[PDB]
Structure formats: C-alpha cells, structure tokens
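Colleague: Take a look at the following structure, please.
Number of protein chains: 2
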Amino acid sequence: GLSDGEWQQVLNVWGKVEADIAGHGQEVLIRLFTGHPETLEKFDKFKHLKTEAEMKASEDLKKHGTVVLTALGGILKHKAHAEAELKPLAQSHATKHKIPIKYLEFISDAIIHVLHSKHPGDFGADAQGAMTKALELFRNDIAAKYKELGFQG
Amino acid sequence: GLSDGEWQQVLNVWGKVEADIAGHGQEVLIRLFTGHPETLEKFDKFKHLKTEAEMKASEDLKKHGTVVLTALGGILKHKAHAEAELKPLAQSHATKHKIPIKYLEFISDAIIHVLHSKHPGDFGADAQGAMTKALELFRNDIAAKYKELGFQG
Ligand code: HEM
Ligand code: HEM
Ligand code: NI
Ligand code: NI
Ligand SMILES: [O]
Ligand SMILES: [O]
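One line per chain: the protein sequences are X and D, in this order.
The C-terminal residue of the first sequence carries number 153 in the numbering used here, and the numbering is unbroken.
The C-terminal residue of the second sequence carries number 153 in the numbering used here, and the numbering is unbroken.
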C-alpha cells in the first residue's frame, strides 16, 4: 500500500489536475492514442480521428478526458481516506493486541447473531448473506495489512 | 463481492445498529465472550467478568462495544460507497468496452508523463513514485473485478 504522506503527495498533485481537468484529460488521451494506437480502436466514437490536430479539435475527446480524470480522482480520494482509516486499526490489532483472523471471524459471527436476534425485520436471509460477505471483505482487508506488516494472524 | 442491493441492505441494517450503538456494542461483546471464552483473555479490563449479568454491568465493556461498532461502521460505509463507484466502471470496461488491464497500464503511463510535464514543481521523484503505486492499486482493483466477472483481458 501507500504511506500517509505518499497519499498526501498524490492528492496534492491531483488538486493541480482539477484546476484544468479538461486540458489534462485531453493531453492524457492524446498521449495514450499516439503512443499506443491500438487503444484508439476501442473507441467507436473517436477511432475516425487520424491526426493530432483532429484529436485536439474533437469537442467530445476533451469532454471524455474530463469524465476519465474525474472518475479516477474520485476513486483515489476514497482509497486515501479508506487506507488512513484502516491502517491504524490493522497495526494495533497486529502488533499491540495480536488478534488472529480467527478471532475477527468469531466477532463477525457475534455481529450477525445479534443482528438476527434484534433486527430480523431488516435482516432476512438476503440481508444476512450481504452482511456475511461485507464482514469477510473487512477481515480480508485486515489480513492483507497483517501480511504487509508480517504478523501471522 | 456485493451487488448494489446487497450494499444497501448492509447500510440499512447498520442504520438500525447506529440508532442503539451502546446496547448493540454490549450485546456483540457479550455474545463473543460467552461463545468464545478464549477471546475474553485478550482484554485485561474484562477477563475477570464471569457471567452475562457481570458483563452487562460493566460500563467499560459497554464503552468498548461502542468504539468497536463505531470503527467497523465507518469502514463498512466507506466500502459500500467505493464499491458502488468502482463496480460499474469495471463492469463496463470488461463487458461493454472490452479494455484489457494492459491498456489501463498504458493510460497510467500517460497520466504520469502529463503530470511530470505540466506540474514538475508538484511532481518530484517521491510524488511520482507515490502516483505510480496509487495507479497500480487502481488497476489491481479493476483486475480483481475482471477476475470475478471471468474477463481475462
Ligand atoms: C484510468 C483509467 C480509466 C478510467 C478512470 C476510465 C473511465 C471511464 C468512464 C467513467 C467512462 C464512462 C462510463 C463507462 O462507460 O463506464 C468510460 C468510458 C469508456 N472508456 Fe474508460 N476509463 C479508463 C481507461 C480506459 C482505457 C484505457 C480505454 C481504452 C483503451 C477505455 C475505453 C473506454 C471506452 C471505449 C468507453 C466508452 C466511451 C463512450 O461512451 O463512447 N477506458 N471510461
Ligand atoms: C470488528 C472487529 C474489530 C474492530 C472494529 C475493533 C476495533 C477496535 C478499536 C477501534 C480499538 C481501540 C483503538 C485501537 O486500539 O485500535 C480496539 C481495541 C482493542 N481491540 Fe479491537 N476491534 C475488533 C476486533 C477485536 C477482537 C476480535 C479482539 C479480541 C478478541 C480485539 C481486541 C482488542 C483489544 C484487546 C483492544 C484494546 C482494548 C483496551 O485496551 O481498552 N478486537 N478495537
Ligand atoms: Ni464517491
Ligand atoms: Ni471516514
Ligand atoms: O475511458
Ligand atoms: O476490540
């Protein structure tokens, strides 16, 4: 994964992109299409463009550039925030508390038991299946950080 | 992973949890401790507590239950939001646009060059090292979604 400061580096340069997301988007796609022409053939609405000049002139190529960098920006900002929130918890449970993944499984089953007992109206079979998958994904994230830190959990 | 409706089911039952986080946190730790006595040994503050009635009387156990469900809740809500943002992107690039992972490596290459070219003051060796790793994490997330969908590309 990235460190705390590694994400801050990423978000700082991303702010600069957002000051002219249109121009950045355009240049990224044109650099892609010139360096790797086979990428242009995946785009039914752009593959007619032959020259740099035609590409720079395309209103919709510039609009698509914005759509791509906006979506990627949103994803990176969520990853940064999510990592900063998870890594402290993973570190303390790995190093200080030394909690095996097995014990995270037990507390996952305890949550599902309590939600079945107290909220069956918003916890039918489907919603229970959903929570079981959700808590497994959470354990998997922790297990991934445990490995990064070389704690056998 | 979870479908759109499954994440909504998770968020919907979590809303009920957060409405009585005190009581739910207590019931989760009592269920864990009574089902798996070994887990009580990890808790210096609680390991003397011998019965549900003792555990229910512990103000410390209640406060810890709140800290646990508060931390978990934040992680689940972020995961639901990020997945609902990522899953459609991966779905469309796999099944509609048919974009191999190697082409996301190409566009990552172009994003690095455009950032180095236009914002070098904000894009030194470390900043560029950070962005390179961050774009890898993005491609790995799409790659993990493609594998789920049995798209090789
Ligand atoms: C950082 C990488 C990428 C991001 C964030 C991104 C994002 C997007 C978004 C948000 C859309 C519109 C919604 C959708 O159809 O899912 C889209 C459409 C599309 N993307 Fe991507 N994309 C990326 C990489 C690529 C690459 C490398 C290719 C092809 C070589 C590609 C080909 C397409 C195509 C063909 C469309 C459909 C465009 C249309 O509506 O005519 N994408 N992309
Ligand atoms: C959903 C699972 C879990 C969550 C979200 C969680 C969260 C937390 C948080 C936020 C803290 C306080 C800050 C910290 O030290 O990181 C904490 C402390 C702790 N956790 Fe966990 N925890 C989980 C599972 C477990 C399990 C299963 C055990 C043991 C079986 C455990 C043992 C501890 C201990 C011993 C502490 C320190 C308690 C204290 O000194 O007051 N945790 N946990
Ligand atoms: Ni978002
Ligand atoms: Ni948060
Ligand atoms: O794209
Ligand atoms: O915990």
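For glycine and all other residues, C-beta sits at the position ideal for the given N, C-alpha and C.
(1) Could you work out which residue in D:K133, D:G23, D:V17, D:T39 is closest to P100 of chain X when comparing CA atoms only?
(2) What would DSSP say about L149 of chain D, mapped onto helix, strand or coil?
(3) Quick one: Cα of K133 of chain X to Cα of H24 of chain X, how far?
(4) Since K145 of chain D and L86 of chain D should fall inside the 8 Å C-beta cutoff, what is the C-beta to C-beta distance between them, to a whole number of angstroms?
(5) Mapping DSSP to helix, strand and coil, what is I111 of chain X?
(6) My assumption, with CB atoms under 8 Å, is that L89 of chain X sits in contact with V17 of chain X. Please give the rounded CB distance.
(7) Could one say the Cβ of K118 of chain X lies closer than 8 Å to chain D's Cβ atoms, at least one of them?
(8) Starting from the N-terminal side, write out each stretch of the alpha helix (DSSP H) that is 4 residues or longer and does not extend beyond the segment 47 to 118 of chain X.
(9) Within the 8 Å Cβ cut-off, does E54 of chain X reach chain D?
(10) Please check if any C-beta of chain X sits within less than 8 Å of the C-beta of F46 of chain D.
(11) Find the nearest neighbour of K47 of chain X within the set X:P37, X:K56, X:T66, judged by alpha-carbon distance.
(12) For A19 of chain X and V67 of chain D, I'd like the C-alpha separation in whole angstroms.
(13) Kindly indicate which three-state DSSP category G129 of chain D falls into: helix, strand or coil?
(14) If you reduce the DSSP assignment to three classes, tell me which class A134 of chain D lands in.
(15) Measure how close the beta-carbons of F123 of chain D and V13 of chain X come, nearest whole angstrom, since I'm counting them as under 8 Å.
(16) At least one CB of chain D closer than 8 Å to the CB of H24 of chain X: is that the case?
(17) Need the endpoints of the alpha helix (DSSP H) that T39 of chain D sits in, please.
(18) Which word fits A53 of chain D, buried or exposed, when buried means at least 16 other C-beta atoms lie within 10 angstroms of its C-beta?
(19) Could you tell me the distance, in whole angstroms, from the CA atom of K56 of chain D to the CA atom of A22 of chain X?
(20) Count the other CB atoms within 10 Å of the CB of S108 of chain X; is the residue buried (16 or more) or exposed (fewer)?
(21) Give me, in chain order, the residues of the same chain whose beta-carbon lies closer than 7 Å to that of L104 of chain D; leave out the 5 immediate sequence neighbours on both sides.
(22) Any heavy atom of ligand 2 inside 7 Å of the beta-carbon of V68 of chain D?
(23) Alpha carbon to alpha carbon, how far is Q128 of chain X from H64 of chain D? Give it in angstroms, no decimals.
(24) My assumption, with CB atoms under 8 Å, is that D4 of chain X sits in contact with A84 of chain X. Please give the rounded CB distance.
Modeller: Looking at the atomic coordinates:
(1) The residue you call residue 100 of chain X lines up with position 100 of the first sequence. Nearest option by C-alpha distance: D:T39.
(2) Here residue 149 of chain D corresponds to residue number 149 of the second sequence, with the count starting at 1. Three-state result, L149 of chain D: coil.
(3) For the purposes of this step, residue 133 of chain X is taken as residue 133 along the first sequence, with counting starting at 1. For the purposes of this step, residue 24 of chain X is taken as residue 24 along the first sequence, with counting starting at 1. Each residue's Cα considered, the two are about 38 Å apart.
(4) Position 145 of the second sequence holds residue 145 of chain D. Position 86 of the second sequence holds residue 86 of chain D. Taking C-beta atoms under 8 Å as the contact rule, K145 of chain D and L86 of chain D qualify, at a distance of about 7 Å.
(5) Here residue 111 of chain X corresponds to residue number 111 of the first sequence, with the count starting at 1. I111 of chain X: helix per DSSP, three-state reduction.
(6) Along the first sequence, read from residue 1 onward, the residue named residue 89 of chain X stands at position 89. Along the first sequence, read from residue 1 onward, the residue named residue 17 of chain X stands at position 17. Not a contact, Cβ separation roughly 30 Å.
(7) Within the first sequence, numbered from 1, the residue matching residue 118 of chain X stands at position 118. Chain D contact via Cβ: present.
(8) 52 to 57, 59 to 91, 101 to 118
(9) As a first step, residue 54 of chain X must be located in the first sequence, where it is residue number 54. No, its Cβ sits nowhere closer than 8 Å to a Cβ of chain D.
(10) The residue labelled residue 46 of chain D in the question sits at position 46 within the second sequence. Cβ-Cβ to chain X under 8 Å: no for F46 of chain D.
(11) Taking the first residue of the first sequence as 1, we reach residue 47 of chain X at position 47. Cα-wise, what sits closest to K47 of chain X is X:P37.
(12) Your numbering for residue 19 of chain X matches position 19 in the first sequence. Your numbering for residue 67 of chain D matches position 67 in the second sequence. About 39 Å.
(13) The sequence position of residue 129 of chain D within the second sequence is 129, counting from 1. DSSP, read as helix, strand or coil, puts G129 of chain D in helix.
(14) Along the second sequence, read from residue 1 onward, the residue named residue 134 of chain D stands at position 134. Residue state, collapsed to three classes: helix.
(15) By 1-based counting over the second sequence, the position of residue 123 of chain D is 123. By 1-based counting over the first sequence, the position of residue 13 of chain X is 13. That pair is a contact at about 6 Å.
(16) Your numbering for residue 24 of chain X matches position 24 in the first sequence. Cβ-Cβ to chain D under 8 Å: yes for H24 of chain X.
(17) For the purposes of this step, residue 39 of chain D is taken as residue 39 along the second sequence, with counting starting at 1. Membership of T39 of chain D in the alpha helix (DSSP H) is indicated by the continuous run 37 to 40.
(18) Numbered from its first residue, the second sequence carries residue 53 of chain D at position 53. By the 10 Å Cβ count, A53 of chain D comes out exposed.
(19) Numbered from 1 along the second sequence, position 56 holds the residue referred to as residue 56 of chain D. Numbered from 1 along the first sequence, position 22 holds the residue referred to as residue 22 of chain X. Using only the alpha carbons, I get a separation of about 58 Å.
(20) The residue given as residue 108 of chain X occupies position 108 in the first sequence. With 16 or more Cβ atoms within 10 Å of its Cβ, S108 of chain X is classed as buried.
(21) Within the second sequence, residue 104 of chain D is the residue found at index 104, counting from 1. If we look at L104 of chain D and ignore the five residues flanking it on each side, its Cβ neighbours are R139, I142.
(22) Numbered from 1 along the second sequence, position 68 holds the residue referred to as residue 68 of chain D. Checking every heavy atom of ligand 2 against the Cβ of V68 of chain D, one is found closer than 7 Å.
(23) On the second sequence, position 64 is the one that residue 64 of chain D refers to. On the first sequence, position 128 is the one that residue 128 of chain X refers to. Spanning the two alpha carbons is a distance of roughly 24 Å.
(24) On the first sequence, position 4 is the one that residue 4 of chain X refers to. On the first sequence, position 84 is the one that residue 84 of chain X refers to. Going by Cβ atoms, the distance from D4 of chain X to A84 of chain X rounds to 6 Å, so yes, they are a contact pair.
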